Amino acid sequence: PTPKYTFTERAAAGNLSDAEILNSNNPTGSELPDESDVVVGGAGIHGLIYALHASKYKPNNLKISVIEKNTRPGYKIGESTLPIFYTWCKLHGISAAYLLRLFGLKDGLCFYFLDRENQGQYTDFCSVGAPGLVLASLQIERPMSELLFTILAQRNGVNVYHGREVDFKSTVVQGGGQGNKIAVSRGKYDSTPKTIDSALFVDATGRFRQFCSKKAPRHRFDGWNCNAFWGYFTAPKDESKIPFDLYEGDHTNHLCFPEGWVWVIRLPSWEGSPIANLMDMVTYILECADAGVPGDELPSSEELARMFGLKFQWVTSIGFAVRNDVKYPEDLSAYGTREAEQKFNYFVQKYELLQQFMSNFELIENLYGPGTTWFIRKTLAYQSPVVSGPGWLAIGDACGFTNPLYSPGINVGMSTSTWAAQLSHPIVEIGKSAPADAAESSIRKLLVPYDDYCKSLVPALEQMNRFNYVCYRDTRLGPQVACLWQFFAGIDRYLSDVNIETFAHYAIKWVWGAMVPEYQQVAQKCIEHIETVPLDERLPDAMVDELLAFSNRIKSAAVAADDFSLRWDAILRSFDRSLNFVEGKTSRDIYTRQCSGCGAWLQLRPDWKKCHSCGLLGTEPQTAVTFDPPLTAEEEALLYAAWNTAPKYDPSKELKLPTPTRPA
């Protein structure tokens, strides 16, 4: 495919603003339609996942318009994604070769637990991801992912309007056949707002909860909540002076301690690129995905930046998520002039390992515009008590949120977006096919399971978050209890069976394993014990012993009961096949390598000889995965065979759940 420069030239020829060049790619045109079946408020990641999945689940059935107030895809925190999200991208026609041009490779998850009272001591818990011929995970710059999903939506019959705001004072939402009148303006100052007549409104406005807040006050859980503060840093090519043994930058790394934890995410940034040029690059990448261009014949990230006139750099996202019962010194002016900067730098010097870690990184100023060197957000976790009603439903953050830890926000939250998308088809058809009272009653009953799932989802994630946080107060409990249980209960089994038709049904059974009974039994024992010890104290050694022994006793039975075959010892560095902790164990599968030229992390597979990021040819041998323990040639062939293409939809197959086998 020869690259085209359609949008770059259109924007120049017409002197078009950012919102105007984006909206010119809409199937029905750059102006709003007078009527739609579905109007989605917000084109964050979930509003777009919703619209893409709805159209892909049943094409040419619903007219869908997405309304987004940002003039172009905006900055968002929330960069780490999991196999379920990649699989969803692949089911929607974009596999790893194309996604790695845009996003950073993520291998596994790694945790380092810092002893507070013995500064310099730490332990770790280390996992790997998957072979390159199986799948990938991704570190995503959110303005780029939202651009990707906007362009893909427009190419699949969805209209997306940037620079437009839903007016929630004058919008009318009700249970009729076509009961909704969604008022859309360019802002509060706008004298000439438009109206979209429509059947279904989807609140995808995130934590702002712009519609469902009108239906119930925000709900907070008992006890402490969290605050976060974060910034963007350089990404060293040479990671060897990082003070943690065996550190690798293509994991989502977690630095954990009694007060909370630090995320570390290496990812490429496209900031500084004109939006029209980016549209041309994304469009070209989708055309290459359609044509099946092999990864070695696809331009590298840096080559795309040259071709389309873009800016490209490697950055590290680094932030704290700490409890809000931390006591800070009255005066933090020695650590900076703003609160976020102050608390960030103050926490860094409280742990010698964090200070030694951060000394490998240089702060980037205002990566996302003026005032964005530092971010702070307070009181993270909440739930919306009402997530649907006559003429509307809510998805994603607008339903509730807990914490960045284990990335439930995107990866678990897409269970709501994709289930809502599937349910939108009968919701709209019910309204077109029955009188008003019976339609409203039948839609309400259809959505009882959706409401009940959301009601139970956020509390289960909140208990999962507290479980991990309390265990992070000790360097044995963190890795040997909390991390262990999260991976045993939450690795999504039988993901290779998922397809577009079953995706929502599978996704709502996952919940990172936070519904697994044995997981909840261990979580409650730890939370109950540890919450009685003031944060400023060290856990008594006997409490750690008792909790460790209780966790292991519950673990043995639950592991024996799981009928799922998995090389646990190759995926979890510290554990054997039966999930017993092994004190010195260091062996693991090796799926990735670092480019010697640019520092980017790459997947090992025989058909990718060149770095996808800078294009530097690596030598043929380095392409080989290391399986420890070994796999035969046949076993390796069998594994790869299960991951080429997803199964066609069979309406008689029983769905295999992602969670461990019940004991019966």
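The numbering used is simple: start at 1 and walk along the sequence shown.
Practice problem: Higher average CA B factor in the deposited record is what I'm after, so tell me if that's 482-490 or 170-178. | Solution: According to the PDB entry, the answer is 170-178.
Exercise. With reference to the PDB entry, specify whether the mean Cα temperature factor is higher for 347-355 or for 580-588.
Key: Stretch with the greater average CA B-factor: 580-588.
Quiz item: Can you tell me which of 567, 473, 162, 254 has the highest Cα temperature factor in the record?
Solution: If I rank 567, 473, 162, 254 by C-alpha B-factor, first place goes to 567.
Quiz item: If you compare 550, 230, 335, 86, which has the highest Cα B-factor in the entry?
Solution: Comparing C-alpha B-factors across 550, 230, 335, 86, the maximum falls on 550.
Quiz item: Mind checking which third residue 408 falls in for C-alpha B-factor across the chain?
Solution: Its C-alpha B-factor, which the entry lists for residue 408, ranks in the lowest third among residues of this chain.
Quiz item: Which third of the chain does residue 120 land in by C-alpha B-factor: lowest, middle or highest?
Solution: Tercile = highest for this residue's CA B-factor.
Self-check item: residue 608 CA temperature factor, ranked by third within the chain
Solution: Highest third - that is where residue 608 ends up once the chain's C-alpha B-factors are sorted.
Quiz item: With respect to C-alpha B-factor, does residue 620 fall in the lowest, middle or highest third of the chain as deposited?
Solution: For residue 620, whose C-alpha B-factor we compare with every modelled residue in the chain, the answer is the highest third.
Practice problem: Determine, from the deposited record, the chain-internal third of the Cα B-factor for residue 44: lowest, middle or highest. | Solution: Ranked within chain, residue 44 CA B lands in the lowest tercile.
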